[PDB]
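Following: one structure in structure tokens, then a few remarks.
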Amino acid sequence: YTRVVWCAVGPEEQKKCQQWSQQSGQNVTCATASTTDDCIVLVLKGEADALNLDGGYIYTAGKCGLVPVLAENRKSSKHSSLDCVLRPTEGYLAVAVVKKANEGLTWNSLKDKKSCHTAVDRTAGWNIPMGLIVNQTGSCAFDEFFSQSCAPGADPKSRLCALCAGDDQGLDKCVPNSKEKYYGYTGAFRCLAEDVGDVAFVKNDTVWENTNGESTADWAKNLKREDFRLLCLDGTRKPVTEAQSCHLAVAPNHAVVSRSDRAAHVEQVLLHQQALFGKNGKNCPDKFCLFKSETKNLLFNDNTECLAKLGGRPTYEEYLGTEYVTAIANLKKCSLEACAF
Ligand SMILES: CO[C@@H]1O[C@H](CO)[C@@H](O)[C@H](O)[C@@H]1O
Ligand SMILES: [Fe+3]
Ligand SMILES: [Zn+2]
Ligand SMILES: [Zn+2]
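Taking the authors' numbering, I'd label the letters of the sequence shown as residues 342 to 676, 681 to 686.
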């Protein structure tokens with residue numbers, strides 16, 4: 342029984358963590374850092390215990406000895422009778438999204454266009470699309486493919502940050518945290534929605550959750566699913582209803598990681614925390630909901646049903662899968682066995 346120290350990325354996550362801390366009676370406390378990489382370092386030092394990470398960061402964390410503990414699980418069809426916490430995760434679909442009005446724009450004509458990315462090093466926003474582009478062009482100059490982009494985490498003076506906007510005051514341009522207007526799934530989709538970019542690399546869920554009244558955010562309230570198309574690898578364009586036949590890859594779900602020596606303790610505390618503040622928790626929506634933050638995906642994705650046990654006690658490599666690990670390794674050769686910190 343000790344507290345678990347969660348690592349929040351940026352000021353907005355910090356605020357949500359503080360609410361969680363208060364409601365949990367200090368069983369969970371908060372450490373804050375400006376980037377995901379800095380949070381990983383805090384965990385390695387033992388100054389923080391855990392945080393929830395996209396697959397691209399699990400790769401970084403894994404090389405440094407951190408392990409997956411529990412995974413985000415969202416609504417599913419198969420394995421219907423089984424409880425959420427025990428149900429296998431299905432993974433999400435990485436897609437490339439454009440405006441219907443941008444006619445004749447296909448996977449094969451993306452060169453020199455404007456792109457919107459969740460963040461550098463993330464699965465749907467970066468690793469998958471850039472990995473595919475590097476291959477198809479046979480060049481490590483992915484910094485040269487698009488004319489301008491917003492890829493949070495890149496050099497703020499480079500073309501890869503040209504479209505990023507910063508915070509209400511125009512500060513923190515291109516920072517890889519929610520202070521940057523176009524950061525993350527929602528941010529990259531907004532970058533496309535506002536016609537700042539020509540293409541957004543996000544997941545299939547992002548399109549649905551931010552269209553047809555699903556989001557009441559000022560920029561999203563008038564967005565219609567029909568005004569968007571997905572780019573398929575075969576050069577065609579399809580409606581967003583066809584994601585199962587028109588995606589770039591299937592990605593492993595975001596997951597909670599911790600130091601191996603702390604895994605058992607983190608797992609215990611989190612399972613109890615979700616019984617109190619999760620999907621149908623004792624205190625949600627009454628007092629506090631761990632999986633809500635108004636489409637902002639703070640700490641956890643808003644569409645998370647529960648955190649699920651893994652099973653087979655997988656290493657980070659088995660969790661990510663050989664097909665994804667080799668993809669990252671090859672892309673990493675552009676810009681092999683050691684912790685990068
Ligand atoms: C997509 O499923 C994954 O496949 C890889 C094989 O690369 C395994 O290591 C892992 O446990 C999972 O079953
Ligand atoms: Fe992701
Ligand atoms: Zn597929
Ligand atoms: Zn194993």
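All C-beta atoms in this analysis are idealised placements derived from N, C-alpha and C, irrespective of residue type, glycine included.
Do the CB positions of residue i and residue j come within less than 8 Å of each other?
i: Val543; j: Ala529; result: yes
i: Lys404; j: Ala592; result: no
i: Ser456; j: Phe487; result: yes
i: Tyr400; j: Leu617; result: no
i: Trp467; j: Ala437; result: no
i: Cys647; j: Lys620; result: yes
i: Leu639; j: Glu354; result: yes
i: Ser601; j: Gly406; result: yes
How big is the Cα-Cα spacing for residue i and residue j?
i: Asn393; j: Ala596; result: 5 Å
i: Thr478; j: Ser450; result: 13 Å
i: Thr447; j: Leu473; result: 14 Å
i: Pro429; j: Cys630; result: 23 Å
i: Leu612; j: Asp453; result: 47 Å
i: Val439; j: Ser499; result: 23 Å
i: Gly652; j: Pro409; result: 11 Å
i: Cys505; j: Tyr526; result: 14 Å
i: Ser418; j: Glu431; result: 10 Å
i: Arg566; j: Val581; result: 7 Å
i: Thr552; j: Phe569; result: 10 Å
i: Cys502; j: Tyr524; result: 11 Å
i: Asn518; j: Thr377; result: 8 Å
i: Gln489; j: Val475; result: 17 Å
i: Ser556; j: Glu550; result: 6 Å
i: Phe632; j: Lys579; result: 31 Å
i: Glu664; j: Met471; result: 16 Å
i: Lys416; j: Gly554; result: 20 Å
i: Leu385; j: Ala683; result: 14 Å
i: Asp496; j: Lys623; result: 45 Å
i: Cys675; j: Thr343; result: 43 Å
i: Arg531; j: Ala372; result: 29 Å
i: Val598; j: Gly445; result: 42 Å
i: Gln615; j: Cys481; result: 43 Å
i: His420; j: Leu681; result: 38 Å
For residue i, count neighbouring C-beta atoms within 10 Å of its own C-beta (all shown protein chains included) and say buried if the count is 16 or more, exposed if not.
i: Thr656; result: exposed
i: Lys514; result: buried
i: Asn563; result: exposed
i: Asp424; result: exposed
i: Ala670; result: exposed
i: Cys358; result: buried
i: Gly397; result: buried
i: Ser365; result: buried
i: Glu413; result: buried
Which same chain residues end up closer than 8 Å to residue i when comparing Cβ atoms and leaving out the 5 residues on each side of it in sequence?
i: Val345; result: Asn368, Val369, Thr370, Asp390, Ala391, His606, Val607, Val610, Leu611
From this set, the options, which residue's C-alpha is nearest residue i's C-alpha?
i: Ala435; options: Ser417, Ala465, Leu411, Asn414; result: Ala465
i: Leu574; options: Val581, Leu589, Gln359, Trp560; result: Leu589
i: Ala649; options: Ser519, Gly351, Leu427; result: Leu427
i: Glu535; options: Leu512, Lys520, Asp559; result: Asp559
i: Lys628; options: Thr636, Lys356, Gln363, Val350; result: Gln363
i: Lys637; options: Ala561, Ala668, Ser601; result: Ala561
i: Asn443; options: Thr343, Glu635, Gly538; result: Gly538
i: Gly494; options: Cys481, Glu485, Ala460; result: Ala460
i: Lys441; options: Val540, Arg654, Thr547, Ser634; result: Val540
i: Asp508; options: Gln614, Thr577, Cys481, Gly351; result: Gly351
i: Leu533; options: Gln510, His458, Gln615; result: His458
i: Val548; options: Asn644, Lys520, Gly511, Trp361; result: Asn644
Can you list, in chain order, the residues of its chain with a C-beta nearer than 6 Å to that of residue i? Leave out the 5 residues immediately preceding and following it.
i: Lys522; result: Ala506
i: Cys625; result: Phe618
i: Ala604; result: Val408, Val410
i: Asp395; result: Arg463, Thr464, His595
i: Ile469; result: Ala435, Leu589, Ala590
i: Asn545; result: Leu434, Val436, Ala584
i: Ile381; result: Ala402
Please list, in chain order, all residues of the same chain as residue i whose beta carbon is under 7 Å from its beta carbon, the five residues on each side excluded.
i: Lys673; result: none
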